[PDB]
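Coming up, as structure tokens: structure 1 and structure 2, two forms of one and the same protein chain.
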Structure 1
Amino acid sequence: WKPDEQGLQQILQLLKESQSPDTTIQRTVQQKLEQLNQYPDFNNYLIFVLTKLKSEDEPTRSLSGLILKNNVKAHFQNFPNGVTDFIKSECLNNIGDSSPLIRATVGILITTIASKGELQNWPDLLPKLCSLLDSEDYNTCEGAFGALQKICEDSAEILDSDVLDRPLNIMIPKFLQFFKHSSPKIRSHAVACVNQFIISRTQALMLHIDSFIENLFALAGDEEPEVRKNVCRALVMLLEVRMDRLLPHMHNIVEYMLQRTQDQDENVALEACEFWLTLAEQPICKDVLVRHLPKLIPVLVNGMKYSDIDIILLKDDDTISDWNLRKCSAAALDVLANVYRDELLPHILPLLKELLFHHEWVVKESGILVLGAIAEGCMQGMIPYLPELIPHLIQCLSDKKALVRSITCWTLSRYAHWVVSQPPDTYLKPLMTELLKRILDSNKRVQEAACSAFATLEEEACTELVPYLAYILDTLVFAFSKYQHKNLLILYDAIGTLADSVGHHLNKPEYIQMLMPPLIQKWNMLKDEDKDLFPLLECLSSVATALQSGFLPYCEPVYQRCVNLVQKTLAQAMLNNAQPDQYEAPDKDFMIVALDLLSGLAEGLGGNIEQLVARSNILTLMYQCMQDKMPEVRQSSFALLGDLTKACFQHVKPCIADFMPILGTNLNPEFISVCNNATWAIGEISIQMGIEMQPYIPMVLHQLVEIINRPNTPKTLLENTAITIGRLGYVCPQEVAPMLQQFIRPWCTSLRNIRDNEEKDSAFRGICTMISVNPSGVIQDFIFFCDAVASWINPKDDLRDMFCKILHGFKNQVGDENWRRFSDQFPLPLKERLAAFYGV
């Protein structure tokens, strides 16, 4: 039990100077301070000063303890036992000191110690805390519950784990009791503690569920913010876990939450507003809320107004917090919009008229925000009003207030689809014009919005942008020489998208001369170790695909570096996997973007890439990439494989027997994108192998057939599954034809909804081949085939004839009148397609 008078005065004076106004004495004394951390006796002084030295002032005492806390955050593995126990002993004995600063300091010590040493190393803590909970003195009980809150906040799953037993069996009923304590501060702690176990649906709470709801309900109208706040969090969380026990009280909950969404306390308001988001997700919502709508919308729409503090912090990275009342309200509107569709328009429209034109800009802004927020869910019933609203918004892009120009960009972008479905001179042309001006706006936030809006518009406009390319590139490349860094991400996006939308139309010497110099500038000046390459190479993978042979001037150095990036990454992984202590783990993103650039490189160049592939280790590398533990890396490698298979199969063919085992084991639909690119690859390969695919059919086909009949499977994955089955059937009809029955339905349903293209052509040659081989595969579901055949606008002649031989085949097989009875199912446009295009 050592104080030591020599060492005592040495630290007391070193604590003094660590409170000095100037940094010169501060930073040198802090250096000279925790460098005394070498001694195993040092941290004992610190607790002693905090708890046992009454002769010293509280600021000094408090600080000494906080330094001791910072000596557990870092340097706790090097803690001696007797020290640790003695600090633990002095804390629990003083957990509720009469001085609030000392009480709080001792508080956070207990919180950090019991955090760093998980909670096997203080098994005396929890039982002693629950004991100190029934304490006759307030300060002790307040101090205990306060540590119990932080502990619950830090180690919820650790307390629900087996690692310390299941002490929640007794703590849940214990906390619930203090819901009725007369102090507001205690009640707060109690609900906060219980709140930490709602989501994980902790069993200890689920048997006390009703008495939990009861206690909470009795606390709902508590006048103390913190309590109201914590009740709101609980009710909200409880919507996701125990919606059964909330349904009978639902209308009372919602009415309460409306009273709470406009709470006089900002925190409560925000926590209440969460309710509408969560509720919006439950399938019940659609009919439980209809009656509350004319009261909810105005509450949301008023919350979407910029809180005046936002105005000044907007107009370092000048940004508001991730999560606001405004944002939450806007989010809830967007989700409710998607739940009610047009049925929400009567509730909102009157408000829009009032807001959009309003003279105060803060109000106008929120109107434009609303207009964008409802855009997705309320689209079909918004269209009638759009020939007036768009030209209005286009004018607002010139409003003097920057934040108005901001959302106007966004809101227009949310109606981009409609805009392009119109004669371009009246809506698309002027929108584009003002957006281009705005991309170069003096305001950072406006550029961000304008550039994004333009990107959205480009996806929607496509080739309708071709005539305007000279102007577009001019401003995009200028922005390139101006845009800071955050905005550069968006700008790269806008260019890649440009290229994706216009494709080959970008391949003109005048456009290349504009677009390429600045990208090469960026290229040459960034180092291989620099993460600014990510958005660059990603951008280039789009530009290369679009430029096609216009890219030849640049292709070799580009191909050269991508292979290097892939090689330096794999190599770094093995020097890490065999020697973690010496070599650091590589960032796999370098490898991803390099694979991706290689992709768009094979796609833009086709057969011209072959010489670059022949004199490279790309295949050997790719084969390693396809085995990476990271799915995103497998994903990119399969896309590249599909591409090279198309570009230069002669260099891939030797590897097929090696590749196919890997592709075959990556048809797990839990990994959507990996599965997708594997399936696409298997397809392209099969076209190149021809009859030689025969060995692999039994290895993949049934996986594909399971996937295509699997519910809740994304539509594009379904699409490539359909394509690849088709392509496997084209080359191995004998092997694939017998499954005809098992895939024809979703195959047709999937492929009837895609544009006529080469892959669609590829797949239908297959389905046709399999049909002439196994006609009985389609007999039972021939209607699906007819509808899929009809989904074609302009089929090639031979394909059109193949469709025709088969249709007449069955008509002339089943009979004259037999066809009529079967054709009576056809919707009008179908019955009339087959008769006009194929002669029934």
Structure 2
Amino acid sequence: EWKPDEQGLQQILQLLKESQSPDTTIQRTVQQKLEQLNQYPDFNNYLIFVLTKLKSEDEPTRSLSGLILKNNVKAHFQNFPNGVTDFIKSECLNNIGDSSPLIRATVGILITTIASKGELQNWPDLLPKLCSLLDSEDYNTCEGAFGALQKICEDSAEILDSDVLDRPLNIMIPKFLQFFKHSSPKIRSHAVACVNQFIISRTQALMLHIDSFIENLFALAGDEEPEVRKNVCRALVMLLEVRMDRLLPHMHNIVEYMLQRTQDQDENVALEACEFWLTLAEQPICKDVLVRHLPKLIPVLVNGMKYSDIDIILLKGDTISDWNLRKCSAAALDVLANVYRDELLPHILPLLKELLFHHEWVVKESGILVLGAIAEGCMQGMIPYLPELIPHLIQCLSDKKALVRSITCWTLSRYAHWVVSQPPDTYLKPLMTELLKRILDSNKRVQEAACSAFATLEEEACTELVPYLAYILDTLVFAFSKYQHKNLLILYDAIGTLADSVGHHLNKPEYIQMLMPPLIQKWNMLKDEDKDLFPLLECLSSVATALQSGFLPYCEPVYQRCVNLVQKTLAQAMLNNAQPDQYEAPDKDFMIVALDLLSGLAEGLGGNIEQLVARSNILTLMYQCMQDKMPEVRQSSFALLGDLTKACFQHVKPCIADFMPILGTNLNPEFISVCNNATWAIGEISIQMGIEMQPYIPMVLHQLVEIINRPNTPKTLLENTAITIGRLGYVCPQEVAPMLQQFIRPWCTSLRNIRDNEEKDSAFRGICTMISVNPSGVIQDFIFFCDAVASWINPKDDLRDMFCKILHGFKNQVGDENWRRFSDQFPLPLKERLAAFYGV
């Protein structure tokens, strides 16, 4: 055994007395003395002695000794001697059922801590020992063992459900179920809590005893103890997700039970009971089994959506829980509205009409929340009531209480689509005017709500925002001086969404003069590796696309930062590929948006981006991105490639020899987005290159013909394929000519549905040069070529002559009598168009 030294022990007791000193200036001096002894082993051997052996000391003094020992395990267990731990673990299990509730708790937290920091495999004699303490005749020993077992089950769930401890769950789980019928409520609650840890994981030991579990759950249904109710509720909620089949026959009994528990006195029990409705609603059998309970369920949920008296104080002046009865009831009501749709209206409509116009703001606020929660589902049914509710809600935007104002913003944004469909002078105009007011609200929460609601309204209004663009920009710009932290990020979203809505209408000198200077300021002040950079990155990306040529005086610092982010991202990518454990993995999202912004500048600024391209390694980095394993990265790279090809090919041309083999291997139709941009890339390159395109053709030509022939291919992909093929045959027809008969069918089938733009023009210029070389392939399928040529409404005069020569060359080859019967299968507009526009 081990015996302590009295003199050393006396100073340890002194250290415990100094730790209990009320003065704050003394507590810091003793912690430094303990920190030195903490590193010293054998010191912990003294602490465990004071806790258990030394019973001549105060209960808080002994307990403090055991709790200091706990903190040493949480930090220095990697250095704990094997001789010491064996004594501590032996001393704890001998006092696991101490008479003193304070001592029993201290021993309890020690045992679970050793099994937490130190792995369970290092203490194999713990589990079978604890189970043997459950059958103990002593009560406190039983409780102490269960209290420890529950914490172990909570900490290490996956460990117990593995071959690490030789499957200890096959003994404990059947053992726990036998304690559901125990006398003490603390023991009964302990048992349920342990089993619940293995419901979702579908533990074999529990799944084969599922019938014994459910039967024992129903036995505890009418239990008065809240802690027991809570775990039973948690049990049924989990069981509802994994074993629906075994609950279905008893479903109606459960629903009536949960309905009473949702209305329970203790909010903790009600919250766990409320989770049932949220999980049940996402089941394909809900609509049938719950329809008989809807009249009773709806008012329960609505009543639970009110702010509690405790919540109101915490909000005035996040500061509240991330999840409570309010949010849970509201979430359940939302999904329920999506299940029954309009069938939920007779149960909610009469409730709303009392809530929305109630005098108590707390009651009124809840009604507004309800009205927004059922918006998505009961949309088509709320229509007749919207002409009354919407103007009322707009009035509620100027309510005295802030919590009423903020929720009204959200609820209004839920019905944003209907507002836009109506005449803008009736609903849209006052809504927009009042929202802009609430953006500059004094209350921070209302600011967030209004700015979020306005952003939602922008996606629905789109071009309807133009007549208000002057007022909108004034409000948003001014918000920069007020908005900080969480309020600032939402503001970027409101600005970016605006740019994606008004489009080129934003491009005006007075608008740019207000919007850009505060944006560039934030663009420079913000450091890298910041969580405020990304929302601004997406913001400017939208603005650059909208402003187009107006972004030129501000493109310099934006271009450089984007190139830097791409380079920095590729840097961390290499470090993570070589030493994954030592270096953090990079976030590709910052690089993808950066590439998209660069692609936006290349397209928006055109040839004015030429100088910035040469003074940077944008093409070198681009070469690396095209080889990345992530599809989204390769997609945004090829897009940037094609844009720079049109912007400034004189800087791109040197790197064509290396880009082409990459583009040729990325023509995989598996990745639609990547394949499309790649196909479009080589097309734009083919134009700038010219006759110099010949050595790169045979490695991509066979690829394109394959793609344009494969069935179930998306419309946009077939278009860009046909356009590219035609573009290849325009500069170098000789290599594409013999393939003409192979792709002549889907080429005309696809490009007959597109408008007469530049892409179509260059494509048809290529199909004419190839026909002039190989007129053979077009003969067999000439009916498709005629339909494709007739698709042209206003072709260029030189392109018209090309069409005319081919048509006349064909008519003078087969004869007139062979041309009439050939044109008898032509539709009415097809035959008349060719006969007049081309005179054939």
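Reference numbering: structure 1, starting with residue 1. The term rigid core refers to the most C-alpha atoms you can superpose between the two forms while keeping them within 1.5 Å.
Item checked: Flag for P123, CA shift 2 Å or larger between structure 1 and structure 2 after aligning core -> No, the C-alpha position differs by under 2 Å between structure 1 and structure 2.
Note to self: Please state whether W418 has a C-alpha shift of 2 Å or more between structure 1 and structure 2, with the rigid core used for the fit.
What the structure shows: No, because once the rigid core is superposed, the C-alpha of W418 moves less than 2 Å between structure 1 and structure 2.
Item checked: Rigid hinge motion between structure 1 and structure 2 - rotation in whole degrees -> It comes to 23 degrees of rotation for the smaller part.
Checklist line | Inter-form CA displacement between structure 1 and structure 2 at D165 - rigid core frame, Å | finding: In the core superposition between structure 1 and structure 2, the C-alpha of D165 moves 1.0 Å.
Check: After fitting the core, how far does the CA of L640 move between structure 1 and structure 2, in Å?
Finding: The shift comes out to 4.8 Å.
Margin query: Keeping the rigid core superposed, can you check how far the CA atom of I609 moves between structure 1 and structure 2, in angstrom?
Written below: With the cores aligned, its C-alpha sits 3.3 Å away.
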